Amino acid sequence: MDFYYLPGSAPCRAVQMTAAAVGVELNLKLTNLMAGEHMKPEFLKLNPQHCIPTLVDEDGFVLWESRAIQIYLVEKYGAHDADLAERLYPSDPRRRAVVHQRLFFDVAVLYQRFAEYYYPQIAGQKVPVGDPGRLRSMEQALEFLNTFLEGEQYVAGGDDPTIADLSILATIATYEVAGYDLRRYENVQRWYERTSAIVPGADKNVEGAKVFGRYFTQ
């Protein structure tokens, strides 16, 4: 299964952790966005949205959006080990719904506000300062996460990490390398250390996040 990616990319790292959890080996295909490798006609024919991660499965089925890939990996490549799939992606509609809400929270709030705050600083114009409104908004996202984690081990509840933990762990590791002091959010920091110590593929998350630190050397 071909996996078009960059290690620095949070959503790519979420997929790497999930593939590790379900015992899927990914054929890693570095996709240099700066070089426009995602804009090559062969890539566009696979994925007209020209984005990473992109997964191409054994039949040539092409999928993108990291969290859609996470669910697909569990349902198709994990579900044989029923207990494992249930831990990663509980099927009770209430439990499933909380996992989904946290995944959407990660894409549209937690990672979205990270991008809105930092991307203008580290790319394009490279604005020399962060917008204070964008900072407050981002801090509000961290505050939401901190609240979700109050009296809970994991982001969507459960006795074990779910795919929501894996997605948010990719995101939070990116906050860390950006230089955000997560110790401001005690539950987030506690969860971050614990989940980093136990999840499959945490090595890919840690090393890839360090790579993304290349945007933050100044």
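Heads up: residue numbers just count along the shown sequence, starting at 1.
The PDB entry assigns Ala79 a C-alpha temperature factor belonging to the highest third of its chain's modelled residues. Looking at the C-alpha B-factors along this chain, the one for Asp92 belongs to the lowest third. In the deposited entry, the Cα temperature factor of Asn205 sits in the middle third of values across the chain's modelled residues. The deposited CA B-factor of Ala19 belongs to the lowest third of values across its chain. In the deposited entry, the Cα temperature factor of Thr31 sits in the bottom third of values across the chain's modelled residues.
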